[PDB]
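Visitor: Residue numbers (this note's numbering), protein chains in the order written: chain H, -4 to 180; chain D, -4 to 180; chain R, -4 to 180; chain G, 56 to 500; chain B, 239 to 349; chain Y, 30 to 140; chain F, 1337 to 1463; chain Z, 1068 to 1196; chain W, 19 to 144.
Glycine residues also receive a C-beta, built at the ideal position from the N, C-alpha and C atoms.
Okay, handing you the structure first.
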Amino acid sequence: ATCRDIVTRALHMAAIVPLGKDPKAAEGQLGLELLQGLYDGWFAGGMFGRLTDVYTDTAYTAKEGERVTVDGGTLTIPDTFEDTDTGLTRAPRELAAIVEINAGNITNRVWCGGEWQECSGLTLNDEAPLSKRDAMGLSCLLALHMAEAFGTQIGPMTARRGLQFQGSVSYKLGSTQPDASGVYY
Amino acid sequence: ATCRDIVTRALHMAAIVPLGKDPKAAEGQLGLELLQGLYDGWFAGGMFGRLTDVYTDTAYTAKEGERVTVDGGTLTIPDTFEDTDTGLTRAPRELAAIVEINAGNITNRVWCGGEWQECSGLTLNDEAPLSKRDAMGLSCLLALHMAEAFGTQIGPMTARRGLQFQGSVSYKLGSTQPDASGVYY
Amino acid sequence: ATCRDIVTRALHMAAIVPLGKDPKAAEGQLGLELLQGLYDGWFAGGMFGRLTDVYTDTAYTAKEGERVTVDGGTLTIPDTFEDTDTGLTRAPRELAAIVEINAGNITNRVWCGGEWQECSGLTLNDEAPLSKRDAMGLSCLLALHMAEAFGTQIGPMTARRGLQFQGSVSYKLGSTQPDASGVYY
Amino acid sequence: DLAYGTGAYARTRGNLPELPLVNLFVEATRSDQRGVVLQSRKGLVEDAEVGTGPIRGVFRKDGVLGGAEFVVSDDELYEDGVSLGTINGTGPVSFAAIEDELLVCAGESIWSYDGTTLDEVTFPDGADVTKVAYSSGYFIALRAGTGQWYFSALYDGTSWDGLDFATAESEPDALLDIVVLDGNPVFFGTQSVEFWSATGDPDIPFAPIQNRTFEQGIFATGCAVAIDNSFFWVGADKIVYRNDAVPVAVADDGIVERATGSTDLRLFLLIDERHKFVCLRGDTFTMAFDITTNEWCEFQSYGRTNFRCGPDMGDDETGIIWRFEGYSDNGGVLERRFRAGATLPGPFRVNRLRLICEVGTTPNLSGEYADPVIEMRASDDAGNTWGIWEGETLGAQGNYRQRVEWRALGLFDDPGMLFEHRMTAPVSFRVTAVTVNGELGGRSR
Amino acid sequence: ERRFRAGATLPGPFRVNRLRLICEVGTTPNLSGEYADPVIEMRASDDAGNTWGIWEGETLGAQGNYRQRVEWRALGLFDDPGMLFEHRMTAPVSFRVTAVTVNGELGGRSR
Amino acid sequence: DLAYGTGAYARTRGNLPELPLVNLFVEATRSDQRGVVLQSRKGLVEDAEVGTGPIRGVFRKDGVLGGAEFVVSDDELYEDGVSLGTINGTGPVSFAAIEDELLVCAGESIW
Amino acid sequence: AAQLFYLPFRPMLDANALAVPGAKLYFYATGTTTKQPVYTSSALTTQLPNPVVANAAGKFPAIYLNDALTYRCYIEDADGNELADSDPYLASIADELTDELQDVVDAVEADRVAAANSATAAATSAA
Amino acid sequence: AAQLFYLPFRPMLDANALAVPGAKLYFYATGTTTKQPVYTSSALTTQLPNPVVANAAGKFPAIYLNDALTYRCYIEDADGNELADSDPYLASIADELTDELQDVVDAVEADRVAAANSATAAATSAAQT
Amino acid sequence: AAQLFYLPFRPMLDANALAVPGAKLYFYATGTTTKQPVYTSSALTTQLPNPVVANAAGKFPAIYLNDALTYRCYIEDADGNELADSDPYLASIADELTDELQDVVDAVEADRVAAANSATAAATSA
């Protein structure tokens, strides 16, 4: 689902915009900025785990879960990985995040739907990242924050759906995930 | 039941659309989107269990509870399985989920009513993948989220029926299920 | 009592339709669908116990409490069983369920009133599969869910009677039932 | 408790919601706490078949010529169903009678009947007469196209003198109508209304009342009636006016809208047991203003573009005289339609719509109308677009506890909700109230 | 051109979330052209009309859209002197104003 | 609910808030609980072209001179579009008619 | 060539595009609920039962209406559900012999006579 | 005046819309009960069982008719009842034919039959022999 | 006289015989894209939107046209893709009958050609 569709459905669930009517340009821009802020807070806030900080200057191929500071170099995102447990080629784990800090600008990529989707520089036409997991849940999550700007409060069920989407994103229970480690000394 | 019937009865139980009357195009589209989002959220949030990740490039045969990523091969969905405990041919376990990831296309299949029904890319003319379990329960569950977009709320009994349907789906008590196993190291 | 009688008395007990007047076709259809959904949820939800899953392709004779997937054979429903404990012929235990899945068609049979009565494909002129146990209780249970669609709430006593019927069905205390078994290792 | 329209309000300007009242009128009551109810008009039943064309005028005075029936079927005069002669055409028919003389005018000439023969009356200068009336022993005739009116001799309608005329000075155009109010003539012209009184002087019998005129004229001939010690007229601006020290406009904006869309207007009077309806008839409508309740209703006949009963209770295209009885309109179907509803500031759930109406009063036990059907049809966009008619039963004969209630109407929004109820059975009908989301009770009804 | 004003004097701060114009909608005689979807503009003033904001335009709805809602959402806070909203429509179509509402209910059904 | 300006009120003395009502007038209604609505005046369409200068006066009576219409142009009289003559005067035009005679005044002479 | 087989009639379809079995069509006077007669054939002699009932396949019989009267059609599901209604029923479907059909049938007849006479001529000239 | 809008597109309704799982779709010759072949796809290669019935799941298969011959459609109920009979199966018409169109159409069909009989008589009996 | 009843309740279906929800039906002018009004009732006072949107079941409301004009039907799905188009809006079953009978008249023409060829072959041989 595109960002425009997600913003429209978010405004529909909050009943701010009547069903079947498209929103204005101002509310669409506000929804787009709210979605961008949500994605940026998810990436910087550690929703996808504590990203390992690495620094490179030559060509470097990143693996799952890092932020790479590129200083005059090239970063190559791979579509497959060598699983250490069994040695067979595998797709990147679901909701695997790679952050690139190049020349002062930041690019966030997440692996979902079998592809790397960028959550930076989003406009109303690009496909919304993580929309395939639950487009309506993401719309409810966006409405949770958008409803206050219009002087209204969403119902309990819409908020419940939004928090359910957020908790499902944070849990990563739907697919195989790396095992948890610890320190024993 | 088709998705159109599910949406219509969801709106009727919510007492939003007059009883016995079909809803407008906007209501049907919103209900279809909400149902699709609910199905994708169930498949991604682990409602059908933690799906083991499998990566393939040649021809592969699917198993129960697998997330198969294919980039050139063909995945075959079998209608029968060889039981490990007993040895005889058996039908797939109730609410067995298989996810196909093909070049960004996500296809969720669930086993119910003796058939694999796809929960991805549903239209109003497609059969509801879980209607045979409880059509009224699914309608109530959909209404739980539909009623908020219309500025109203539904009664406690409709909500109780919806969460009863959801809990029955999550429990899977009605049929034989694989035994739970743990680790002991 | 037929399904039409059950729906009529359910609407009467909720005071929605005055006594002595039959409901319209729309409410009759809604009540029939609610009853069908209730029966389907009872069968799939494990109300009649966890059903053993079997798969057959030749002619097979089923026992109590199984779900049978037919893949080209015939399923025979016996009206008598050989009691393992005592050895003499007996009738099937009260509320014994048999589910049959044939080419995607689901048929649910329950033993009540000394006969196998089907809970699938019910119309308004068919006998209610559990009216013999308590017709008024079944009507109250149906009204408990039906009253919400009409913007009304039933009295506490009607709800108590409906849940009493449901608990009587779940308990199965009236007649002898198979003894509980456990695992001791 | 929904509020139904107490009067016909169909204003098409600005696309305002319309609240038609078809064959129903507001009547005050004492049994109900609300005070007013909607009562159905009685059906038309033939009383006498006279002539072979439309009825133009009916005269029946017991003290005149033995109380015979004088009917103008097309261009013929009939006495108790017996033809008397041929009368002139186009203009509307006016009567003026005394104990032994009857003058009939049809806009062209005057015809006199004294019980023996029908004779044309010679008028001064051979001019055409538009209206003929009787007042204080004199016969008054309006010359067509002039502002002067002639008066005859004492109790003689066949003796008109060319010098026996009076002119309305304040109205320079031609006069159009006469109304005999309080025993004195009132003259309606195209520009003013003149009040004249009989002074009793043989040479000049009538004198105008100075400093008492209305600047509003009359639209055409036949648009003035007299009732309840007052008179109603149609002004030159197609607005219905009542007589008063300052005339008031008893016609609202919608009534004027309907009147303006038609080219021909006729004002007459209809009588029900206690109800005096001032009926304004156009080309495609026939509205009635109730004297007792000051409300406008609409009368229609099924299958026809306009109400069957014309002036003086006569048919508009057949030689049938009507009378009110049994709500069986000419043995056919009597349609009763009305609208209730309300405006809403936001969402509103309608689960029950009850109608406190007549139940179990049908006189039919072996016919399709043993149980009449009343259809309700709902709308949310202020009545612009409507749903499918849903029918309920008023109950068989004797079923006096029948409930006329719809169920689960649904969510309605900001424009409001509007429900239209229509019944088309030849049975008595009355609406007391419309209730929304009523209490759920009852006892074996 | 048809222009009017609706306003109120306030004792203190007031937040306007919605401005609804209950009026005549969906009655345009033109199906194609410039006036297929007529535009009505609204502008707001907080200093009792002395200084106004930019015109914001809504559509009265195409022919047949009798359920169209004339809503304005991007309205801010209004202080002591009061609020004054000016509405102006300049299309050769029928126009009737029934009411002006502020901060109404959010319910509806596919309008 | 906001109360709109029912009547055109525009006071410049004291800088009072103005509520102009352009091409709209209040009419009482029965279909709404508020009772009154704002209705727009109908547009102007040409009925007849008579002269070149401003139309100082129009007279038309059904019973006067056979129902013919009389229109005063800048300094000219017209009957049914046909000029009758030149009328002297620079003031408002007044008509006085009887069955057979019409008098026109413009400030100096009677015609 | 090959042609996909389609249903030989037009039943009323439900929300899921399935034929409604036993649907009841009521023909009333316009704006009223008064029963109006319907006829089996164009002779307008045999009267169909006005609540016309379709068979189990949703097929309706040939219904003929008196053109001198205007009709209202009210369709219902077999159990009484109100499906659709049209108060002024204007039979705006033309079913007369337009000259295209007339010339087509005339050409078919003429070619049939041509083929017949050619066959007879061949039989005489050969045997 | 006013014109009631009728949808001018023939619906693409196959046997699945019948909602009768026990129905039989017989395809005879036009006028007689001789049984005509029915094919699976547009290639007209594989023959369906002419007493067409639904499968074990209650789903009717796609039915393809060749336009070379004229078929007669017959619908049989599971209990032995007649439901839908079409003497000449016309493809893209779904409404009932009026009596005038009816006798026009079977007169055309009879003319075709007579022309075919004359043509085959001339070809076989006269020319070849 | 006698008039045959034609069912006016016609929902529109795609090539797969399924209900099309939210189908937009446009009533254009003959051969152009100019829009013409459509009315809810036979009185031709209230006007439906020219793009008529079907409900969730794919059923259109009662549409009344002005016979004084000539219409064109243009169906699009909810996404805007083409479904069906009829430039001359014909409401006569006679044209459908002619379209069906085109095949039979061509077949009969070929039959006549074959019969004439056979007759000339018989004449030449004998």
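(1) Look at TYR82(W) and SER60(W) and say whether their C-beta atoms are less than 7 angstroms apart.
(2) Can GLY99(D) and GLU59(H) be called in contact, C-beta distance under 7 angstroms?
(3) Throw me the rounded Cβ distance for the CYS107(H) and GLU89(H) pair, which I believe falls under 8 angstroms.
(4) Can you name the start and end residues of the alpha helix (DSSP H) that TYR166(D) belongs to?
(5) For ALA1353(F) and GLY98(G), what's the separation of their Cα atoms in angstroms?
(6) Under a Cβ-count criterion, where at least 16 other Cβ atoms within 10 Å of its own Cβ denotes burial, should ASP66(H) be classed as buried or exposed?
(7) Report the rounded CA-to-CA distance for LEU1401(F) versus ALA144(R), giving the unit in angstroms.
(8) Would you report the Cα separation of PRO18(H) and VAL1120(Z), rounded to the nearest angstrom?
(9) Please list, in chain order, the chain D residues whose beta carbon lies closer than 8 angstroms to that of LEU344(B).
(10) I'd like to know whether the C-beta of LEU449(G) is nearer than 7 angstroms to at least one C-beta of chain Y.
(11) DSSP three-state label for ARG68(G), please.
(12) Taking Cβ-Cβ distances shorter than 8 angstroms, what residues in chain Y pair up with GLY69(G)?
(13) Would you kindly check if the distance between the Cβ of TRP293(B) and the Cβ of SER283(B) is under 7 angstroms?
(14) First and last residue of the alpha helix (DSSP H) that includes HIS140(D)?
(15) Quick one: Cα of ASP237(G) to Cα of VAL414(G), how far?
(16) Is any beta-carbon of chain H found at less than 7 angstroms from that of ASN303(B)?
(17) Thinking C-alpha only, which one of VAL184(G), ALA123(G), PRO366(G), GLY181(G) is nearest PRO109(G)?
(18) If we ignore side chains and look at the alpha-carbon of each, how far apart do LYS1091(Z) and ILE1142(Z) end up?
(19) Using CA atoms only, rank isn't needed, just tell me which of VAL1449(F), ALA1392(F), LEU1426(F) is closest to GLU1149(Z).
(20) May I ask you to list, following chain order, the residues of the region 15 to 42 of chain R that have a beta carbon less than 8 angstroms from some beta carbon of chain F?
(21) The alpha helix (DSSP H) that contains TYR34(D), what's its start and end?
(22) Using 7 angstroms as the limit for Cβ to Cβ distance, is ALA1123(Z) near chain R?
(23) When we look at the beta-carbon of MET152(R) and count the other beta-carbons within 10 Å, is it buried (16 or more) or exposed?
(24) Taking all protein chains shown into account, decide if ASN266(G) is buried (16 or more other Cβ within 10 angstroms of its Cβ) or exposed.
(25) Quick one: which residues of the region 49 to 80 of chain R get their C-beta closer than 9 angstroms to a C-beta of chain D? List them in chain order.
(26) Less than 7 angstroms separating the beta-carbons of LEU139(R) and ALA123(R)?
(27) Would you give the residue range spanned by the alpha helix (DSSP H) that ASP129(W) belongs to?
(28) Would you decide whether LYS1126(Z) is buried or exposed? Buried here means 16 or more other CB atoms lie within 10 Å of its CB.
(29) If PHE354(G) sits next to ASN78(G), beta carbons under 8 angstroms apart, how far is it from one beta carbon to the other, in whole angstroms?
(30) From what residue to what residue does the beta strand (DSSP E) around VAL482(G) run?
(31) Among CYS(-2)(D), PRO13(D), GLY82(D), which one has its Cα closest to the Cα of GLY465(G)?
(32) At a cut of 8 angstroms, does the region 19 to 35 of chain D reach the region 42 to 50 of chain Y through at least three beta carbon pairs?
(33) Along chain G, in chain order, which residues have C-beta atoms closer than 7 angstroms to that of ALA1365(F)?
(34) Would you mind telling me which residues of chain R sit closer than 8 angstroms to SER499(G), beta carbon to beta carbon, in chain order?
(35) With DSSP as the reference, label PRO1424(F) as helix, strand or coil.
(36) Please decide whether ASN1417(F) counts as near chain R, where near means a Cβ-Cβ distance under 7 angstroms.
Guide: For this structure:
(1) yes
(2) no
(3) Going by Cβ atoms, the distance from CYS107(H) to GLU89(H) rounds to 6 angstroms, so yes, they are a contact pair.
(4) That run of the alpha helix (DSSP H) goes 151 to 166.
(5) If I take the Cα positions, the gap works out to 46 angstroms.
(6) By the neighbour-count rule (16 or more Cβ atoms within 10 Å), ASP66(H) is not buried but exposed.
(7) Their backbone Cα atoms lie some 41 angstroms apart in a straight line.
(8) Their Cα atoms are separated by approximately 52 angstroms.
(9) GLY146
(10) Residue-level contact check: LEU449(G) does not touch chain Y, since none of the beta carbons of chain Y fall below 7 angstroms from its beta carbon.
(11) helix
(12) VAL66, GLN68, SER69
(13) Taking 7 angstroms as the Cβ cut-off, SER283(B) and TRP293(B) do not qualify as a contacting pair.
(14) 130 to 144
(15) 46 angstroms
(16) no
(17) Ranked by how close their Cα comes to the Cα of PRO109(G), the residues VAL184(G), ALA123(G), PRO366(G), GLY181(G) have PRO366(G) in first place.
(18) For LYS1091(Z) and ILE1142(Z), the distance between alpha carbons rounds to 6 angstroms.
(19) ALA1392(F)
(20) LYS19, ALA20, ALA21, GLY23, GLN24
(21) The continuous alpha helix (DSSP H) containing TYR34(D) extends over residues 20 to 39.
(22) yes
(23) With fewer than 16 neighbouring CB atoms inside 10 Å of its own CB, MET152(R) falls in the exposed class.
(24) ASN266(G) should be labelled exposed.
(25) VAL49, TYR50, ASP52, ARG62, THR64, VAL65, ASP66
(26) no
(27) 111 to 143
(28) exposed
(29) 6 angstroms
(30) Here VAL482(G) belongs to no beta strand (DSSP E), and DSSP marks it neither H nor E.
(31) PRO13(D)
(32) no
(33) Within chain G, the C-beta atoms nearer than 7 angstroms to that of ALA1365(F) come from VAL388, in chain order.
(34) For a Cβ distance threshold of 8 angstroms, residue set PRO13, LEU14, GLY15 of chain R lies close to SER499(G), ordered along the chain.
(35) DSSP places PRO1424(F) in strand when its eight states are reduced to three.
(36) yes
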